[PDB]
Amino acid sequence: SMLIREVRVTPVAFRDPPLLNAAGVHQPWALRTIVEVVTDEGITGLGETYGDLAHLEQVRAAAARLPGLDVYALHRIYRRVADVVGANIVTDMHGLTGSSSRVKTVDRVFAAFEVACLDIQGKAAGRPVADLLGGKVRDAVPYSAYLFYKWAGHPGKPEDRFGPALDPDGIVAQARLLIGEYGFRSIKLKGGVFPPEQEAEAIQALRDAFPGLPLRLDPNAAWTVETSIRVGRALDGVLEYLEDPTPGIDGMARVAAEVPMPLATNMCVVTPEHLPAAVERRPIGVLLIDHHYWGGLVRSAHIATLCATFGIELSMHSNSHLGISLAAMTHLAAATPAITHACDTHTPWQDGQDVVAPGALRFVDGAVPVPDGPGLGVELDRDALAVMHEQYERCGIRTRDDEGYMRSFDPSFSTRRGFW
């Protein structure tokens, strides 16, 4: 039958190091919302989405209105989510995934349920979710090493095992650590933190220390058009791609026409309404897809086809996340021929924290093998979920705010947008 009997919604918080970015610095707790869909038959599916309060409220509201719907009825579930969301538009405090909009809000709320319904469908059919998307075309999905400038620890808290990284030597050392542990064969540096000249230096140091590894640089729109063109030209032959150097479709397109490497985004093209203007102006050669705000795995796959058709290559964006998201990202990437670049992930930074069981997701030579077995291939660890929910209850954070947190230390700071 496969009617939804109940939907359990659990906000969670987990530890995050002081990773610097254009919007400030990550807070000591990152938030997520875990969704568990249960059918009248007792088959369960998992999904995972943002933990910000306004989003959480919508997810709760939508979840309350899904019982009685069938898990194959994704169009109808999507319409029900759209009804709950109405014209409410949920906007985050950092802008690092671009502008908010109605459709993006609906897609963000829908995605945790869609992923859980696909998990259930996979379980019913006894197949991995990748088989629901046409079957895996690769056995394992390569991920990049996501490097950050960072403090040694959060002020007023213990220093972490990763150490500080505030110049090229530190960044190279961080890379050795991550590549040594996970085997990553691609490297991404989060920029927009230091003057561009210093971040270019870090990129060069990485190229020298790791010959042959594709490199990416992402200042989250911290640069002007002129600065972007200077840096792009100065990094000729070094970057796989330059990600969001400058804000806006117009600025991005102007940069793209004057630098030698392709530009990528997860800021100026973040919902389907953006695509026609993007095809016309060509601000990018590479779109980072993200099922968490493009509306689930199936909608993401549709956009992948659309991109390939217009000659836009695909990569994948990440936000701090747990293993349900990692499993979903991996089945999506494994089953989508057009996702050809290494995917981003924050996984190393969460240092083993998770709400699923241990032996399903592993990195081997920088890549995650598509899970064995039905559905997502992961199993909820209910005690770990309880532990993280208790942390959410007393962590004192309810909405991600990198900028507010940075301002607690430097009152004059503001999110860097066309700043250098």
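Sequential numbering from 1, following the sequence displayed.
> Quick check on the record: does 166 to 174 or 240 to 248 carry the larger mean Cα temperature factor?
If you average the C-alpha B-factors of 240 to 248 and of 166 to 174, the larger mean comes out for 166 to 174.
> Averaging CA B factors per stretch from the PDB record, which one is higher: 11 to 19 or 407 to 415?
It is 407 to 415.
> Checking the entry, which one of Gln391, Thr49, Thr39, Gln353 has the top C-alpha B factor?
By C-alpha B-factor in the record, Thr39 ranks first.
> For the C-alpha B-factor as written in the entry, point me to the maximum among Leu53, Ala30, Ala357, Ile34.
Within the set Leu53, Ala30, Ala357, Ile34, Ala357 shows the top C-alpha B-factor.
> Which third, lowest, middle or highest, does the C-alpha temperature factor of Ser228 belong to within its own chain?
Within its chain, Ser228 is a middle-third residue by C-alpha B-factor, going by the deposited values.
> Sorting the chain's CA B-factors, does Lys157 end up in the lowest, middle or highest third?
It belongs to the highest third of the chain when residues are ordered by C-alpha B-factor.
> Split the chain's modelled residues into thirds by Cα B-factor; is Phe194 in the lowest, middle or highest one?
It falls in the top third of the chain.
> Pull the Cα B-factor of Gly98 out of the PDB entry and bin it into the chain's lowest, middle or highest third.
For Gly98, the deposited C-alpha B-factor lands in the middle third.
> Check where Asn319 lands among this chain's C-alpha B-factors and tell me if it's the lowest, middle or highest third.
It falls in the bottom third of the chain.
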